[PDB]
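Comments concern the structure below.
Letters A, B, ... are given to chains in the order of the sequence lines, protein chains preceding strands, and every chain is numbered from 1. Scope of the values below: all heavy atoms of this structure, side chains included, with no hydrogens, waters or symmetry mates.
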Number of protein chains: 2
Amino acid sequence: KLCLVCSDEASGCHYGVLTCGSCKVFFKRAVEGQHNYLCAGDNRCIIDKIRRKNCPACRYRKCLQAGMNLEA
Amino acid sequence: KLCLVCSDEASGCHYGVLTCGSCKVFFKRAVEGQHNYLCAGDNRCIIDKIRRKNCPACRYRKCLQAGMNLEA
DNA sequence: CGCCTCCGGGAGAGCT
DNA sequence: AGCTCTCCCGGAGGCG
Ligand SMILES: [Zn+2]
Ligand SMILES: [Zn+2]
Ligand SMILES: [Zn+2]
Ligand SMILES: [Zn+2]
């Protein structure tokens, strides 16, 4: 039921991991677009439905840590 | 709204032709399967929802004649 | 960003 | 086994 990256309600198993719609699309864009992000805090930011936009850096890291792979 | 091959409820436009979902996957498998297929009747089998299973030979023939190709 | 639609295709459950 | 067919998830394209 819950997204392993932000804990919004999960919409399926995406790129390997139980994930919400928005994190699926975010991850795809993050890898393909080869953006390189930057944490403005400690790399410890809180990623939930309310704060996930704030730190793409930590959100992307949480994505990686959950095991998201573009070709799972 | 009706599959151009078996007249079941069409699920959209697959490989060029308005078809149902089972005709989509059947055609793909037949083409790539490099398949013999011999009709047990006289190449005039009735292909509908309840009968499309019996004769791959006619189903495939009907698929091709409907314009299904693995390009579009 | 977060969401939509559309169609391709993997997979696995279930015949046969 | 081989075949059928639905469920689920992929990319592309587009949108506010
Ligand atoms: Zn999420
Ligand atoms: Zn951060
Ligand atoms: Zn059909
Ligand atoms: Zn036949």
Quickly work out the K28(A) NZ to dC3(C) P distance and round it to whole Å.
18 Å
So with a 6.0 Å cut-off around CD of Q65(B), is the heavy-atom count from everything else above 12?
yes
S22(A) and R59(A) side chains, donor-acceptor separation under 3.5 Å:
yes
Just to be sure I understand the rule, does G21(A) reach a base, reach only the sugar-phosphate, or reach nothing, if contact means heavy atoms closer than 4.0 Å?
nothing
The nucleotide from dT4(D), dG2(C), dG9(C) with an atom nearest the side chain of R59(B) is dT4(D)
Nearest-Å distance for atom pair CG/P, residues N69(A) and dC9(D):
16 Å
Whole angstrom is fine here: how far is it from NZ in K53(B) over to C1' in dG14(C)?
10 Å
Looking at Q34(A), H35(A), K28(A), which hits side-chain hydrogen bond (donor to acceptor under 3.5 Å, both in side chains) with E32(A)?
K28(A)
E32(B) CD to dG2(D) P, in whole Å, measures 17 Å
Rounded to whole Å, the CG-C1' distance (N54(B) to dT16(C)) equals 12 Å
On the 0 to 90° scale, with breaks at 30° and 60°, tag the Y15(B)-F27(B) ring pair as parallel, tilted or perpendicular.
tilted
Please pick, from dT4(D), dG8(C), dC1(C), the nucleotide with the shortest atom-to-atom distance to any side-chain atom of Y15(B).
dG8(C)
Heavy-atom check, side chain of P56(B) versus side chain of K53(B), under 4.5 Å
no
Categorise the sugar of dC3(C) by the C1'-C2'-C3'-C4' dihedral sign as either north or south.
north
How is the sugar of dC8(D) puckered by the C1'-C2'-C3'-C4' sign, north or south?
south
Between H35(B) and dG2(D), does any side-chain N or O lie under 4.0 Å from OP1 or OP2?
no
Whole angstroms only, please: what is the CD1-P distance between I50(B) and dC5(D)?
12 Å
From CZ of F27(B) across to P of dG8(C) the rounded distance in Å is 11 Å
Does the ring of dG10(D) sit north or south, if a positive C1'-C2'-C3'-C4' angle means north and a negative one means south?
north
With sugar-phosphate meaning primed atoms plus P, OP1 and OP2, does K24(B) contact a base, only sugar-phosphate, or nothing at under 4.0 Å between heavy atoms?
base
As a test of reading the structure: which of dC1(C), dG8(C), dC9(D) is closest to the side chain of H14(B), going by heavy atoms?
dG8(C)
Please evaluate the base of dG2(C) for a donor-acceptor partner in the side chain of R29(A) within a cut-off of under 3.5 Å?
yes
Atom-to-atom span, OH of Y60(B) to P of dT4(D) - whole angstrom
13 Å
Ranking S22(B) and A72(A) by the position along DNA chain D of their nearest nucleotide, the one closer to 5' is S22(B)
